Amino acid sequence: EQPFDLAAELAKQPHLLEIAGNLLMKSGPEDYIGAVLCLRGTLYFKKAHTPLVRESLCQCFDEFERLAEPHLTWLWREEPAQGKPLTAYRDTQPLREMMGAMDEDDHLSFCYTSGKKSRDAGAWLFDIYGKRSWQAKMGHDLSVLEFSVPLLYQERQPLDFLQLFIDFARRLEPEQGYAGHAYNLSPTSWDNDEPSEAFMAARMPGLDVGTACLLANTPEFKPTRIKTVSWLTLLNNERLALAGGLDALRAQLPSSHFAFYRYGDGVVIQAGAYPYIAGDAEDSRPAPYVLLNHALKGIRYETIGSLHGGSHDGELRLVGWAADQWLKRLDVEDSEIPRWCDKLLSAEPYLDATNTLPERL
């Protein structure tokens, strides 16, 4: 009596906004929120073990918390030296106070969520995963900041998340990054819920998939390359040069629909007037992402390993060959680019003062 309304919803639109925990399993849904569609940004950066970067991370959180304070509910920390792995947001110490108890050899682990239950996925997120000084010196030097706001918040305040992403890039000088639609999964039960993400990924080419903090220091991530484009795409100056330089990119990305934000030592590219889940009735790939992916696929990772854990009892998981194929989901033939340029101009809203920051080039 319960699968039918979901079968009807899935047949007519690509996405699900909220997904019950363990839904894409044979044992079936459980009494928690396993996944929530939101607007998420992911930044891979270095020197998280240093005081200046930690202070900048705290300034990032101050900026985020001004928006998110009414909604945050839980702080998760991995094996903290003081306190508990799980703390109610009301009971937490200021982030600057917790960082002040740490030195360069401590691991940064802070995940603020907005789920009603601590097990629930929530649409507000601020997640720091910071490598220890000795880990960075032994070669595992890449840290991750991920943060998100709800889709409804984005529609009501269309410049707020974008301003955060640029402000954070400016302070952290990241190696690479992206922002757009993604599912936040349950902080504790995500293994139940990766199949929901995998099912959605096949339907929504604009969706980011996977866990950046697990990807960050794999051998597959060593090349000077990027995982994906999305609504926002961040390239440090080295990746920008490998992509042909800023002049060569602006020649391929019409300024009617693409904006460029030069922060210090890199650029953020905005692909379209808003983030895109999918395309149209003819093609599920978003036209602005297709054009940007075409310009940047020369610097895309050939493989990043598996995006998900292994399958237990027949459930869907983006592993091995399927993960490699996911990386290529936006690729088109060179000969089809003019048609995609035409689709951009005829069907997609233009950039204006309501959906870009004034500091765009």
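Numbers follow the displayed sequence, beginning with 1.
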item: Stretch with the greater mean C-alpha B-factor as recorded in the entry, comparing 203-211 against 257-265; value: 257-265
item: Of 99-107 and 147-155, the stretch whose C-alpha atoms average the higher B-factor in the entry; value: 99-107
item: Residue selected from 243, 142, 172, 123 by maximal Cα B factor; value: 243
item: Residue of maximum C-alpha B factor among 40, 329, 26, 46, per deposited coordinates; value: 26
item: Entry-reported Cα temperature factor of residue 54, expressed as the chain third it lands in; value: lowest
item: Within-chain third of residue 275 by Cα B-factor, per the entry; value: lowest
item: Chain-wide C-alpha B factor ranking for residue 83, given as lowest, middle or highest third; value: highest
item: Chain third (lowest, middle, highest) by recorded CA B-factor, residue given as residue 64; value: lowest
item: CA B-factor ranking of residue 20, expressed as a third of its chain; value: middle
